[PDB]
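Residue numbers (the entry's author numbering), protein chains in the order written: chain C, 65 to 96; chain A, 9 to 98, 109 to 223, 227 to 312, 315 to 325, 335 to 467; chain B, 6 to 66.
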C-alpha cells in the first residue's frame with residue numbers, strides 16, 4: 065500500500081499540470 | 009482482487025493532530041490546485057463549438073467543459089454511491115476498493131464523454147488522441163480523489179465535494195460580477211462584469230445607470246442585488262434552530278444544548294433535486310437528439337425546453353412565460369417544493385438522523401430532555417424532527433424558486449449550495465476554535 | 006381526505022417556527038460577515054486564477 069503525504073500530492077498535481085503544458089507546447093511546435 | 013485494490017496511491021493519516029491554521033492553509037492549497045486544474049484545456053481537443061451535452065451537470069459536479077476537471081467531482085459521487093449500494097447488498111480495503119471503483123467509473127465516463135460527440139469527431143481523432151484524452155481525464159480523476167482524501171483524512175476542513183461545488187459557484191458569481199471580458203455587438207465596448215460595466219458606463223457617459234441595471238444580454242446589477250438579498254435570506258433561515266434543553270444521566274455534571282436546525286438536512290435536498298433534474302435533462306437531450316411520443320413527453324428539447341416533463345421541471349424563462357403558461361409555473365413550483373420535502377424526509381431516515389436514531393443516541397449516551405421523562409424522549413423527537421425536516425425542505429425549495437424567479441446570479445440551486453456549504457465551513461470554524 | 010393532513014402539517018410547521026429561536030441582530034451580523042468572507046475568498050481566488058490563466062490559455066493553445 066503506497067502512502068504519500070500532502071506535499072507529495074501537491075507536487076504530483078503540479079507535475080501533472082506542467083506535463084499538460086509541455087504536451088500542449090510540443091503539439092504546437094510539432095504542428096508548426 | 010486484493011492486489012488490485014491495494015495497488016493505489018493513498019494519503020498517510022496525520023497521526024499527530026493538525027492545527028486549525030494549517031488545516032485552513034491546506035484547504036486553500038487544495039482549492040487553488042483544483043481551480044488551476046479546471047482552467048487548463050485538455051490536449052488533443054479538435055473542436056469545442058458544439059453544444060454541451062452535459063451543460064446541466066456543470067454546476068452540480070463543479071466541472072468546466074474542455075478542461076482537466078471536466079468530469080469534476082463525478083468520481084467521488086459515483087464511488088460513494090457504488091459502495092453504498094454494495095454495503096446495502098453486502109478496513110482500509112474498503113477505501114482501496116472505493117478508489118478502484120472510482121477509477122473504473124472515471125474511465126467509463128471519460129470514454130462516454132469522448133464518444134458523446136464533443137471534442138470534435140472521434141473517428142477523425144483516431145484511437146491515439148482519444149486514448150490520450152482518456153489518460154488525461156483518468157489522471158484528473160485520480161487527482162480529484164487524492165484531493166478529497168487530503169481534505170477528509172484530516173489535512174482539510176471539509177470534504178472535497180462541498181468545497182469544489184462551493185468554489186465553482188462562488189467563482190461563477192464573482193466572475194459574473196467583476197469579469198473584465200469585453201463584448202461588443204455594435205453598441206461599443208460592453209464589459210461582461212456588472213460592477214465593472216457600471217464603472218465603465220459611468221466614466222464613458227442616468228442612461229448609463231439604467232443600462233447597467235437592466236442589461237438583458239449580460240449580467241445585471243439588479244441580478245447582483247437579488248443574489249445579495251438571497252444570500253441574506255438564506256443565511257437568516259439557516260440560522261433558525263430548535264434548542265432542546267437536555268441533561269445527562271449516565272454521568273452527571275455534563276450540561277449542554279441540542280439544536281434541531283430548521284434546515285435539518287443542510288443541502289442534501291438541493292443536491293438530490295439538482296442531480297435528479299440534471300440527469301433527466303441529460304437523458305432527455307441525448308434521447309431526443311439521437312432518435315417516439317413518449318420521448319416527446321419526456322421533453323421537447325429546443335438550448336431550453338419548449339414542452340414536456342423536462343419543460344415543466346424547468347424554471348420559467350421570463351414573466352411572459354408565466355403569463356402565457358401559468359400552469360407550467362404552478363407545476364414547477366409545486367414540483368420543487370414537493371421534491372425538496374420528500375427528499376429531506378427520505379434522507380432523515382436513510383442517513384441515520386431519524387427521530388428513532390437520535391433517541392437511541394440520547395439513550396446510549398445517557399441524554400434526557402429537561403422536564404421530560406427518559407421514556408418519552410422519542411415522542412418529542414417524533415414531534416419535532418419530522419416536521420423540521422419537511423419544512424426545511426419546503427423552505428429550501430421556496431428560496432430556490434424565489435432566487436430563480438428574481439433571476440439571481442449563479443441560479444437558485446447554486447446560491448443555496450454555496451450558502452449551505454459556507455455555513456458548514458463556518459460551523460467547522462467555530463468548532464475548531466472552541467476546541 | 007387530505008385536508009386534515011395538510012392542516013396538521015401547516016399548523017405544526019407554524020408552531021415549530023414559533024418555538025424556533027430566530028437569530029437576532031448580533032448573530033445575524035456575525036454569520037453574514039463570516040459567509041461574506043468565505044464567499045469573497047473563494048470567488049476572488051477563482052476570479053484571479055481565471056484572469057491569470059486567460060493569457061496562459063491564449064499563449065499555450
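Using N, Cα and C, we set each Cβ at its ideal position, and we do this for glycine too.
In the three-state DSSP reduction, residue 62 (chain A) falls in the coil class, being neither helix nor strand. DSSP lists A:265 as the bridge partner or partners of residue 279 (chain A).
Setting aside the 5 residues that flank it on each side, residue 335 (chain A) is surrounded in the same chain by 59, each with a C-beta closer than 7 Å to its C-beta; the list follows chain order. The stretch 78-94 of chain A and the stretch 191-199 of chain A do not touch, with fewer than 3 CB-CB distances between them shorter than 8 Å.
Rounded to the nearest whole angstrom, the CA to CA distance from residue 38 (chain B) to residue 49 (chain B) is 16 Å. Residues are counted here when their Cβ sits less than 7 Å from a Cβ of chain B; for the stretch 79-93 of chain C these are 85, 88, 89, given in chain order. Assignment of residue 7 (chain B) by DSSP, reduced to helix, strand and coil, places it in the coil class.
Here the alpha carbon of residue 391 (chain A) sits roughly 42 Å from the alpha carbon of residue 43 (chain A). Those residues of the stretch 136-157 of chain A placed with their C-beta closer than 9 Å to a C-beta in chain C are 150, 154, 157, ordered along the chain.
Within chain C, the residues 66, 68 have their CB atoms less than 7 Å from the CB of residue 17 (chain A), given in chain order. Excluding five sequence positions before and after residue 199 (chain A), the CB atoms of its chain that fall closer than 6 Å to its own CB belong to 210, given in chain order. Taking 8 Å as the CB threshold, residue 73 (chain C) lines the interface with chain A.
With distances taken between CA atoms, residue 76 (chain A) lies nearest to A:41 out of A:355, A:41, A:113. Annotated three-state conformation of residue 67 (chain C) is strand, per DSSP.
Interface criterion not met: the Cβ of residue 15 (chain B) is under 8 Å from no Cβ in chain C. Note that the stretch 277-289 of chain A does not touch the stretch 45-52 of chain A; fewer than 3 beta-carbon pairs, one per stretch, sit closer than 8 Å. The beta carbon of residue 8 (chain B) sits no closer than 8 Å to any beta carbon of chain C. Residues 391, 394, 401 of the same chain have their beta carbon placed closer than 6 Å to that of residue 409 (chain A), with the five preceding and five following residues left out of the count. Interface with chain A (8 Å Cβ-Cβ cutoff): residue 77 (chain C) is included. Judged by their CB atoms, residue 262 (chain A) and residue 25 (chain B) are nearer to each other than the 8 Å cut-off.
Chain B places no beta carbon closer than 8 Å to that of residue 372 (chain A), leaving this residue out of the contacts. For residue 83 (chain A), same chain residues with a beta-carbon under 6 Å away, outside a window of 5 residues either side, are 120, 124, 159, 162, 163 in chain order. Here DSSP, grouped into helix, strand and coil, assigns residue 270 (chain A) to coil. Here residue 209 (chain A) carries a strand assignment [DSSP, helix/strand/coil]. When A:301, A:316, A:118, A:420 are compared, the shortest CA-CA separation from residue 386 (chain A) is found for A:420. In the three-state DSSP reduction, residue 338 (chain A) falls in the coil class, being neither helix nor strand. Listed in chain order, the non-local C-beta contacts of residue 338 (chain A) below 7 Å within the same chain comprise 323, local neighbours out to five positions each way being set aside. Classified as buried, residue 433 (chain A) has 16 or more neighbouring CB atoms from the shown chains inside 10 Å of its CB. With contact defined as three or more Cβ pairs closer than 8 Å, the stretch 456-467 of chain A and the stretch 366-384 of chain A are not in contact.
Around the beta carbon of residue 34 (chain A), 16 or more other beta carbons sit within 10 angstroms, so the residue counts as buried. Beyond the five residues adjoining it in sequence on each side, residue 70 (chain A) comes within less than 6 Å, by CB distance, of 80, 81, 182, 183, 186 in the same chain, given in chain order.
About 13 Å separates the CB atoms of residue 316 (chain A) and residue 341 (chain A); that is not less than 8 Å, and the two are not in contact.
Counted as a single uninterrupted DSSP element, the beta strand (DSSP E) harbouring residue 18 (chain A) occupies residues 17-19. Within the stretch 43-66 of chain B, those residues whose Cβ lies closer than 7 Å to any Cβ of chain A are, in chain order, 43, 44, 47, 48, 49, 50, 51, 52, 54, 55, 58, 62, 66.
Chain-order list of chain A residues neighbouring residue 30 (chain B): empty, with the shortest C-beta distance near 11 Å, by a criterion of under 8 Å. Comparing C-alpha distances from residue 93 (chain A) to each of A:109, A:85, A:110 shows the shortest one belongs to A:85.
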